[PDB]
């Protein structure tokens, strides 16, 4: 089952395993947006050391993005999927506060974050590119947590092992 994707950035590649069985709606959205080029030449607009790095807004402001299903789609949230390691991949939203408000924006965690458990859809985990994530974490941000130099997602591709 579970597929891999590679997020190709201007600082190197991040490889994620996606949780296909558990979170098919979140995974299909991410795959279909990725395939249609929706994430090409976009930025991570928020980067907070020891917390999260967030991108996936074609607008780059943190206000935009929509799903393949419409503006929003429903949560796939489970006790078995937790923020229990560095490199978890999730959908941004306004907290499960305003449930079922996933769009296109996503974030990657820099550590275990039990306060986020149940709050956001987790749908993958980093399996390779840990060195890339270290580099990203150390990229300076301004006071609004915006990278000073742009962190760019060139593309997100479905990875096939040779």
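Numbering follows the first chain given and starts at 1.
- Coordinates are lacking for 1 to 3 deposited residues between residue 96 and residue 97.
- Comparing 21 to 29 with 145 to 153, the stretch with the higher mean C-alpha B-factor in the PDB entry is 145 to 153.
- 30 to 38 and 128 to 136 differ in mean CA B-factor, and the higher of the two is recorded for 128 to 136.
- Placement of the Cα temperature factor of residue 70 within the chain: middle third of the modelled residues, per the deposited record.
- The deposited CA B-factor of residue 59 belongs to the highest third of values across its chain.
- Ranked within its chain, residue 104 lands in the lowest third, by CA B factor from the PDB record.
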